[PDB]
Every structure is written in structure tokens, then in C-alpha cells.
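Asker: Let me give you the structure first, and then I'll get to my questions.
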Amino acid sequence: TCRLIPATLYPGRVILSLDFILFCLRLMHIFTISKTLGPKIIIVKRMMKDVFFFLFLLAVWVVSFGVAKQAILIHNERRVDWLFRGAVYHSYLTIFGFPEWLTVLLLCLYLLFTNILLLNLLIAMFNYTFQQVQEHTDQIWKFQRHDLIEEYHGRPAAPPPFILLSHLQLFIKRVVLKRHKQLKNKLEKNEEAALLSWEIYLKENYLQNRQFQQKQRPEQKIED
Amino acid sequence: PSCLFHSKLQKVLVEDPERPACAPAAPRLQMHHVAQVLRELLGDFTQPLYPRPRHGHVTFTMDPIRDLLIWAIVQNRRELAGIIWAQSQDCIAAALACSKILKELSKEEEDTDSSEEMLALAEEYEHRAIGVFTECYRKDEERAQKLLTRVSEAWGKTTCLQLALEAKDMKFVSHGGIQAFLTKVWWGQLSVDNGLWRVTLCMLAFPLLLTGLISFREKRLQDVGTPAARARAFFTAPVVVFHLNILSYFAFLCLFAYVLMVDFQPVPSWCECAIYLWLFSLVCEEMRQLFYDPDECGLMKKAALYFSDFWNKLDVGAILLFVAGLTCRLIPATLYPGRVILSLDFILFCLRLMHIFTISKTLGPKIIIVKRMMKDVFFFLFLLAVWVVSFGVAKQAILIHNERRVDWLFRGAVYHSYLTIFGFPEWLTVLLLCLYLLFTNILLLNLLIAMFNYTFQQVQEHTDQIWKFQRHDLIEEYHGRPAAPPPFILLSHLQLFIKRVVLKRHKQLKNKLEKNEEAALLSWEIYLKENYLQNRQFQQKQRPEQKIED
Amino acid sequence: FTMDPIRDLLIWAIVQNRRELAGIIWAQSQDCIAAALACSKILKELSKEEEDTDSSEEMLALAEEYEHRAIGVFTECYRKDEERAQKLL
Ligand SMILES: [Ca+2]
């Protein structure tokens, strides 16, 4: 829509840049199917949840620092984008990386605060996060394996420039008037009777081993 | 005489000064003496247990078995106290008092074997209190809530809940039903389940509350809609007063920031004077926070319990810095001094807003760890300061001419040291830069890694229970506070100040019940105890060591 | 009569956290691998809304025991004849 406006071309163009960035994270989806990478992706999806609420606190801190530095070290000014954007770029240079006593006090306050304590918050919060994950992660991945296979099993076979050839036939078949039979099927009644009888045979073979090895706990022996 | 309590009683009785005239030197032992040492062991908030006589066949006390329990519990007699607890009168107060006494006593023991048993006994009594209360909760909940807010006549006119608070009774307060009671206090007159966003939206509009917008419990207010009473009952709830104070504090910050950025003058403005009025209102609210005395206590001890609070310390440092800065702005000759002083004030207020995140479900536990690691990061940073001072004096001595300048070379080398710490000449330069790279970029980072591993390893998962224990006093402080946002809290201060000019807690946290009611309540309690005890001893019969002994 | 009686009695005995009663009447069930998983699902969906600190632990451990029962039957039926055992899922 913005590119259809010729008056906002350099707006609209860079909007289609940000779109591009989103597509990149989509490709990280591929590494769920690996043996060895998916377990790591699980932990990233874990730690997003608290790194968000940490980053808000970081934002309030750097805002307080910026307003303090703008108030202590300028003349009385209400400029539109000269001094405010200049001090914002100075704060970006500080955060990305007699005047004697006041300068020493300002730089030592910055060094003691923004270079120290919130790093320790991150160390503690991510220790509490990564300590919790333990080794359950392989089972979490094995449980996570199924729905991908489901979604690709249901999908038609064409790559998406040719998926319209699939969409047309299905749309005209559902125009006029059911899972696949490899994941859910209603069996024959005569077959299902034999299957259930086999099952109910095997249960009684399970139960004897269950109670017999339950007879070998030591508390049972002391009771006997 | 081997115990610690005997030595403390002897140190009191020998220092007893008001026994001048007798046949002997050591006068006697009176009951007010052991009452006096018990009050100092137990805490300031209770009254003295035994009265001092102002002066038969058989003189009896108010409750006998209490006294025998105290005697058997100060001497670490375990199996004796376990017997005579079973005949007690009001048990949930008793188990918590005997936990508090043991925790206050086991600190001063200084014997490596007595302290462990004297602590494990207190843990067992916490278990007994939980075990009785979880029965009485399951039988009838709404009567069981009346058990916590009762004031006990036996244990020096206190309640059960405050006694559990002072003893750091961690596993007790994290019980389910007591947390439900705390939440039911917190959501106030209205129901507890209507979420937070709907609370913000009815905070936004006056007649939305007059519409069918929100909930209510005690349906005489929900069905019969008397909107003046509904508005008063809506504003009485402490969540509402919390959100109102948060909004007023936010607008206070924004307008203070605007008057500090561009609207600063030597002459006082009018947007300035309004902000000074709102900060005067804040300091009078903190004044009535300090001066409020529900029960008579130590006024110096009242000041001590005030200043022990972290946020009280931050609030009073902010207000003293503010009045000093207003004094400096009243000097026209130090305007650019005074102005930037009012900048630093602003920074303090920002940390006050971090206080908000204690009330969250998921953030408060993280704030606990920050409050933990401040204590050692301070003493690390001092060592960092001595190291960078040594480096700076070394670099200034090796690489300059002989100079004693005022602020040219010293401040230039200080800025060079700040550029180094924030981020033939061949052999000497390589030696200097490699010494810097090996020292200030390596080893103290490893000190931090080790110290914060030793810190964060220790926290474990207790932190949720620490937060649940930390939940109470905030609800207390907001329950006691008047309802107005602080530009209008003067309207509250005037009426209370003129009522205390001429001549008591609220009755939802401490109430003296009817005598006839309290008899029925205690009989119900003493019924339920015997139902607890059978299950206790019966499941104690199923440990395997018992079976081998049998 | 209903379509299957013992299903209904299992549901009744499992919603009320009756342990040793349900352990008996599971043994006469008709199609067991569905039954143990349904009774695990009901207990996990129920133990969230319990809000009592002692009921939730037992109501969870019962569901873990029924997961164990389902695994224990299915690992027998897998070992006897695999290609028929895939038809069971
Ligand atoms: Ca305060």
C-alpha cells in the first residue's frame, strides 16, 4: 500500500526491508528437524520470556541517565532535533560502549552503574533459567517432533509457485460437495474384535509381572 | 543451670536494682523478672505476660498450661514439651510462640551442638501448627479465617498472624488458605476474580462502575445498586488506592521532568510551586507513616522499625536532598550548582518506581536476587577502586615530566584513565599495555564470576517462598493508608490531625471478639486437635524403623 | 444398558480421586491403552484448578502412575508382534 503511494516511496521501500528480516527467522524453523540443534532452540524460546521484562528495566534506566545528563551538562535549550538528537547519539555512544570533579563523578557513576549490576542481574536470571532446563530437553524435542510431520503430511506436494494448481482442484471439489487413512481409520468390526481380544489377552500377562515385581520391594518383605 | 536461659535470668536478676532492704543480699526471684526477660526475648509488640504486683489458699493464673509450656520449652526439654502441648488451650498461637522463642534463642547459643537441636525443634513446631490449621481449614473455611485475625488474650494481647510474621515462619505463611485470606483482603470489598485490565478500565471512567461494568461480592451491593455506596466501596479497596497512587506519582514525575528541563528559573514559576506543594504533601504522608501508633510501643523503636525499611531510607534520602537543593536554588549565586542538585534527586525517584514490580507474580523473585547481590558487589567495587588508583598513579609517574599542575595534567591523565578503564617507547609501551591487558581485563572478572556463582548458586528456589512471605507488609501499608492520591491527601491529613488534636487498628486485621463467641470457637479448635493427633501418630507408626523395633 | 459399562464406572471412580478403587476396576477394562491415557488427561486437566496444597500432589502422582500403566501394556504388545502393534495407535 505504501509503495502504491508515490509520495512515500522511501518510506514504503524501507518498510519492505523490515518484512525481509522477519523471513530470516522463519528459516530458523528448519533447525527444529535436526537431531542436535532443536534442543538448543528450545532454550532460546525459553529465555525470550524473561529477557523481555529485563530489557524494559534497562530502558527505564537509560532514560533516567539520559535525562540526567541532558539536564546537568547543557544550557537552557528547547531545540527540535539539534541538542536532543545530539545527546541521544551521545547516549547511544555511551550505552553501546571546574569540570574535573563533576566529570569524574559523572563517569564514575556511569561506570559503577551501567557496567556492573544489571550484568549481574542477567547472570543470576540466566543461571536460574539455564539451571532449570536440565536434560528434559531431549524428551521435549521428541514430543515436539510430531506436529511438524502432521502439518507436512496434510500439505499438498507442490512448491508454492505451483500450489495454486493444488488449490484450484480442492477449491472446486469443496465447491460442489476427512483425514488420510494412515493416521486415523475406522477399522472393520470383525477385525476390531480380534484386535481387542488380543489386547485383553496381553493385559493379564502384564499384570502378573507387575504384581510379582511389586512383591520384591523390601517393605513388603518386612511386612511379611 | 547449664542452659542459656538460666545465665540470662541470672544476668538480669543480679542487675535488678530495686531490691534495697532484705535480710540477705540476693533478694528473691519474682515472676515479673522472668516476664521481663521473656518480653525482651519475644519482641517489643507484646505486653508483659505476668503482671507486677502492686501490693491465700490457691492463687491461679489466667491460664496454667501456658506457663508450664514456657518453662519446658526454654530448657530444650523435647519429649516433655511434646506431652504437655497436647493439653493446651489455644494451640495455633502456642506452636508459633514456641517457634519464635526457639528461633530467637538459638542465635545466642554459641555451642555447635545445642543450636542444631534447638533449631530443629522449632521446625517441628512449625509443622505442628501447619498440621492443625490445615485440618481446621478443610472442615469449614469461613470460620477458619476468623482464627487468624483473633487477638489472643493468653500470649500478651497479640494475634496469630503477626506472631507468625515475626518468627520468619516461612513454611507457614506459604500455606494455601492463608494466601487466599491475604488476597481476599487485597481485593477489598469487591470480588477477587475480575482481573486487572477491567480494574484499570473502571478506574478510567466514573459511571462505568455505575454501569454493569464490574463484579461485586456480598450481593446486597451487587443486586441493590446504591451508586454512592458502590462508589465508596469501590474506592475503599486497596488495589484502587494503589493504582491511583501509581498514576499520581507518574504524573508527578513527568511534570517534574518538564519543569527541570526547560522551565527552570531563578524566580520560582507556578508549575514549580505546584510540584513543591505535591512534594510537601508526600513528606506529610511519610510523616504520618512514621507517627502512627496503633498500639503503644517504643517511639525510638518505632523510628528504628521505620528506618530499617529500604524504601523508607530511599524516600527520606530523596526528601533531604530535595530540601537541600531548594535551599541552593534559593541562593541565586549557586544556580547551576542548585539546578543540577535537583537532577540527582530525580534519579532517586526512578528507583522508587521499581518498587511496583514487587507486586507482580513473576518479577519480584528476580528483584530479591538484586537486593541480595548488592551486598557483595559493594565490597568488590572498593577493591576495584584501589586497583585503578594504583594503576593511575603508576602511569602518571612513569610517563610524564616532573609536573605539579592544578587541573591540566592531572585531569588529562584522569580522562586517559577513564578511557582505559571504560574500555625507546617500543619495549616500555609493550610492557605497559601488556600489564594492563593481563591485569584489568582478566582476574577481577574471574573474581566476579566466582563471587556471583557463589551468590546465585545459594539462592536456589527458596525465592518463591521468600516472595510470598514478602507479600504481606505491602498490603498492610496500603490498607492503613487513606484513599486520596497525594495532591488530595491533605484533605485526609486535616481531618485526622484535628481528630487526634481533640482526643486503633481496623477491625479486619485485629478484633477482640465476643466472649460468648470465643468460647465456641476455642471449643471447636480443641475438638479438631484430637482429630489431628490420631492421624499424626498413626502415620508415625508406619516408618520402617518402628516396624523393626516391633 | 450403555455402549460400554466399565468405562462409566472408571470415570466416576477417577474424578473423585479414589485410588485403590480405580486400580481394581481398571483390570476389567475393555480397551486399556485408551483408558489409561484418558484417565491421565482428566487428572492433569483437573489438578490445575484444585488450589489445595495436598490434593494436587496426589492428583498428579496418580496421573503419573497411569502413564506408567499405559507404557507397561504397550511395551508388551510391541514386543509380541510389532506390525500389529502399530495398528493399535
Ligand atoms: Ca513509605
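Chain lettering (A, B, ...) mirrors the order of the C-alpha cells, residue numbering begins at 1 for each chain separately, and ligand numbering begins at 1 in order of display.
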Please return as a ChimeraX atom specification the residues found within 8 Å of ligand 1, counting only C-alpha atoms and all ligand atoms.
Answerer: /B:286,289,311-312,315
Asker: Would you mind exporting the chosen residues as a PDB file, in the first residue's frame, restricted to C-alpha atoms?
Answerer:
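Now in again.pdb:
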ATOM      1  CA  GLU B 286       5.593   9.915  55.194  1.00  0.00           C
ATOM      2  CA  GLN B 289       3.506   6.856  58.212  1.00  0.00           C
ATOM      3  CA  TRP B 311      12.253   2.200  50.620  1.00  0.00           C
ATOM      4  CA  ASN B 312      11.818   4.386  53.696  1.00  0.00           C
ATOM      5  CA  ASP B 315      12.307   8.183  50.414  1.00  0.00           C
TER       6      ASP B 315
END
Asker: Counting only C-alpha atoms, what is within 7 Å of region 417-421 of chain B, bar same-chain residues fewer than 3 positions away, as a PDB file with N, CA and C atoms, in the first residue's frame?
Answerer:
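See around16.pdb below for the written result:
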ATOM      1  N   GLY B 392      46.626   4.304  38.028  1.00  0.00           N
ATOM      2  CA  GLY B 392      46.680   5.691  37.596  1.00  0.00           C
ATOM      3  C   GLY B 392      47.907   6.418  38.108  1.00  0.00           C
ATOM      4  N   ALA B 413      45.281  13.062  32.626  1.00  0.00           N
ATOM      5  CA  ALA B 413      45.579  11.665  32.908  1.00  0.00           C
ATOM      6  C   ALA B 413      44.392  10.953  33.541  1.00  0.00           C
ATOM      7  N   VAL B 414      43.529  11.683  34.252  1.00  0.00           N
ATOM      8  CA  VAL B 414      42.314  11.075  34.787  1.00  0.00           C
ATOM      9  C   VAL B 414      41.347  10.723  33.660  1.00  0.00           C
TER      10      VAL B 414
END
Asker: With the cut-off set at 7 Å and counting only C-alpha atoms, tabulate each residue of chain C with an atom at most that distance from an atom of chain A, showing the nearest atom pair and its distance in Å to one decimal, ordered by chain and increasing number, as CSV.
Answerer:
residue,atom,partner,partner_atom,distance
C:31,CA,A:196,CA,6.6
C:73,CA,A:203,CA,6.2
C:77,CA,A:202,CA,6.8
Asker: Could those selected residues go to a file with C-alpha atoms, as a short mmCIF file (atom, residue, chain, number, x, y, z; two decimals), in the first residue's frame?
Answerer:
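File produced: part15.cif:
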data_model
loop_
_atom_site.label_atom_id
_atom_site.label_comp_id
_atom_site.auth_asym_id
_atom_site.auth_seq_id
_atom_site.Cartn_x
_atom_site.Cartn_y
_atom_site.Cartn_z
CA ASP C 31 -9.57 -51.31 25.65
CA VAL C 73 0.88 -52.59 28.45
CA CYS C 77 2.16 -55.58 22.80
#
Asker: Can I get the residues of chain C within 8 Å of chain B, each with the closest pair of atoms and their distance in Å to one decimal, using only C-alpha atoms, sorted chain first then ascending number, as JSON lines?
Answerer:
{"residue": "C:51", "atom": "CA", "partner": "B:176", "partner_atom": "CA", "distance": 7.3}
{"residue": "C:52", "atom": "CA", "partner": "B:176", "partner_atom": "CA", "distance": 6.5}
{"residue": "C:53", "atom": "CA", "partner": "B:176", "partner_atom": "CA", "distance": 6.3}
Asker: Kindly provide the residues of chain A that approach chain B to within 8 Å, each paired with its closest atom pair and their distance in Å to one decimal, based on only C-alpha atoms, listed by chain and increasing number, as CSV.
Answerer:
residue,atom,partner,partner_atom,distance
A:60,CA,B:350,CA,8.0
A:61,CA,B:350,CA,7.9
A:64,CA,B:347,CA,6.3
A:65,CA,B:347,CA,7.7
A:68,CA,B:343,CA,5.9
A:71,CA,B:261,CA,6.0
A:72,CA,B:340,CA,5.2
A:76,CA,B:262,CA,5.9
A:77,CA,B:262,CA,6.4
A:78,CA,B:262,CA,6.5
A:97,CA,B:423,CA,7.9
A:100,CA,B:411,CA,6.0
A:104,CA,B:414,CA,7.9
A:107,CA,B:418,CA,7.5
A:111,CA,B:422,CA,6.9
A:112,CA,B:381,CA,7.9
A:117,CA,B:377,CA,7.9
A:120,CA,B:452,CA,7.4
A:121,CA,B:370,CA,6.3
A:123,CA,B:452,CA,7.9
A:124,CA,B:456,CA,5.6
A:125,CA,B:366,CA,6.9
A:127,CA,B:456,CA,7.3
A:128,CA,B:460,CA,7.9
A:219,CA,B:544,CA,7.5
A:222,CA,B:547,CA,7.7
Asker: Give me the residues within 8 Å of region 66-72 of chain C as a list in words, counting only C-alpha atoms and dropping any in the same chain fewer than 5 places off.
Answerer: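 Skipping anything fewer than 5 positions along the chain leaves residues 206 of chain A; 32, 33, 36, 37, 39 and 40 of chain C.
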Asker: Once you have the residues from the selection above, write them out as a PDB file, in the first residue's frame, restricted to N, CA, C and O atoms.
Answerer:
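The result, stored in selection-v8.pdb:
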ATOM      1  N   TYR A 206       0.647 -58.756  31.423  1.00  0.00           N
ATOM      2  CA  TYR A 206       1.356 -57.653  32.057  1.00  0.00           C
ATOM      3  C   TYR A 206       1.183 -57.676  33.564  1.00  0.00           C
ATOM      4  O   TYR A 206       2.135 -57.416  34.316  1.00  0.00           O
TER       5      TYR A 206
ATOM      6  N   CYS C  32      -7.532 -50.905  26.871  1.00  0.00           N
ATOM      7  CA  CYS C  32      -6.909 -50.355  28.061  1.00  0.00           C
ATOM      8  C   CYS C  32      -6.036 -49.159  27.749  1.00  0.00           C
ATOM      9  O   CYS C  32      -5.918 -48.245  28.571  1.00  0.00           O
ATOM     10  N   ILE C  33      -5.409 -49.150  26.578  1.00  0.00           N
ATOM     11  CA  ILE C  33      -4.430 -48.115  26.288  1.00  0.00           C
ATOM     12  C   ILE C  33      -5.115 -46.777  26.071  1.00  0.00           C
ATOM     13  O   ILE C  33      -4.575 -45.727  26.430  1.00  0.00           O
ATOM     14  N   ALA C  36      -6.156 -45.691  30.002  1.00  0.00           N
ATOM     15  CA  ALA C  36      -5.150 -45.130  30.890  1.00  0.00           C
ATOM     16  C   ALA C  36      -4.767 -43.724  30.467  1.00  0.00           C
ATOM     17  O   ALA C  36      -4.543 -42.853  31.313  1.00  0.00           O
ATOM     18  N   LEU C  37      -4.772 -43.456  29.168  1.00  0.00           N
ATOM     19  CA  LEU C  37      -4.405 -42.122  28.721  1.00  0.00           C
ATOM     20  C   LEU C  37      -5.522 -41.125  28.961  1.00  0.00           C
ATOM     21  O   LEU C  37      -5.256 -39.970  29.310  1.00  0.00           O
ATOM     22  N   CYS C  39      -7.642 -41.322  31.447  1.00  0.00           N
ATOM     23  CA  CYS C  39      -7.607 -41.023  32.865  1.00  0.00           C
ATOM     24  C   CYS C  39      -6.358 -40.265  33.269  1.00  0.00           C
ATOM     25  O   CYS C  39      -6.336 -39.671  34.344  1.00  0.00           O
ATOM     26  N   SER C  40      -5.321 -40.258  32.447  1.00  0.00           N
ATOM     27  CA  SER C  40      -4.240 -39.338  32.748  1.00  0.00           C
ATOM     28  C   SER C  40      -4.588 -37.919  32.352  1.00  0.00           C
ATOM     29  O   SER C  40      -4.241 -36.971  33.071  1.00  0.00           O
TER      30      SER C  40
END
Asker: Write out as an mmCIF file with N, CA, C and O atoms, in the first residue's frame the residues lying within 8 Å of residue 92 (chain B), counting only C-alpha atoms and excluding same-chain residues fewer than 5 positions away.
Answerer:
data_model
loop_
_atom_site.group_PDB
_atom_site.id
_atom_site.type_symbol
_atom_site.label_atom_id
_atom_site.label_comp_id
_atom_site.auth_asym_id
_atom_site.auth_seq_id
_atom_site.Cartn_x
_atom_site.Cartn_y
_atom_site.Cartn_z
ATOM 1 N N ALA B 129 1.887 -26.580 63.936
ATOM 2 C CA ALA B 129 0.932 -25.518 63.661
ATOM 3 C C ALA B 129 0.286 -25.654 62.297
ATOM 4 O O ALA B 129 -0.941 -25.501 62.192
ATOM 5 N N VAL B 132 -2.341 -28.570 62.392
ATOM 6 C CA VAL B 132 -3.654 -28.297 62.965
ATOM 7 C C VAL B 132 -4.446 -27.373 62.057
ATOM 8 O O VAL B 132 -5.650 -27.589 61.814
ATOM 9 N N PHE B 133 -3.783 -26.354 61.511
ATOM 10 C CA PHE B 133 -4.525 -25.369 60.746
ATOM 11 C C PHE B 133 -5.044 -25.932 59.439
ATOM 12 O O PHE B 133 -6.114 -25.530 58.984
ATOM 13 N N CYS B 160 -2.424 -14.090 65.986
ATOM 14 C CA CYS B 160 -1.659 -15.216 65.484
ATOM 15 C C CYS B 160 -0.807 -14.825 64.295
ATOM 16 O O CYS B 160 0.329 -15.295 64.162
#
Asker: Skipping near chain neighbours, those fewer than 5 positions away, what residues fall within 6 Å of region 182-190 of chain B using only C-alpha atoms, listed as a list in words?
Answerer: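 The neighbour list is residues 216, 217 and 237 of chain B.
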Asker: I need the helix (DSSP H, G or I) residues of region 233-339 of chain B per DSSP on the backbone, written as a PyMOL selection string.
Answerer: chain B and resi 233-236+238-261+270-291+299-307+310-330+332-339
Asker: Could you list, as a PyMOL selection string, every residue within 12 Å of residue 229 (chain B), counting only C-alpha atoms and ignoring same-chain residues fewer than 4 positions away?
Answerer: chain B and resi 189+209-210+220-222+224-225+233-236
Asker: For the atom pair CA of residue 486 (chain B) and CA of residue 282 (chain B), what is the interatomic distance in Å to one decimal place?
Answerer: 6.3 Å
Asker: Using only C-alpha atoms, which protein or nucleic acid residues come within 10 Å of residue 62 (chain B)? Drop anything in the same chain fewer than 4 positions from it, and give the result as a compact mmCIF listing (two decimals) with C-alpha atoms, in the first residue's frame.
Answerer:
# COMPACT_ATOMS: atom_id res chain seq x y z
CA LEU B 49 2.80 -11.71 80.42
CA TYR B 50 2.96 -11.75 84.13
CA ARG B 66 0.82 -21.89 79.03
CA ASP B 67 3.29 -21.30 81.85
CA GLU B 153 -5.67 -12.95 75.45
CA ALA B 154 -3.17 -15.53 76.65
Asker: May I ask which of the residues C:43, C:85, C:3, C:15 is the closest one to residue 30 (chain C), counting only C-alpha atoms?
Answerer: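 That would be C:3, the residue with the smallest distance to residue 30 (chain C).
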Asker: For a quick check of understanding, using only C-alpha atoms, which of C:8, C:45, C:65, C:58 has the smallest distance to residue 23 (chain C)?
Answerer: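 Of C:8, C:45, C:65, C:58, the one nearest residue 23 (chain C), counting only C-alpha atoms, is C:65.
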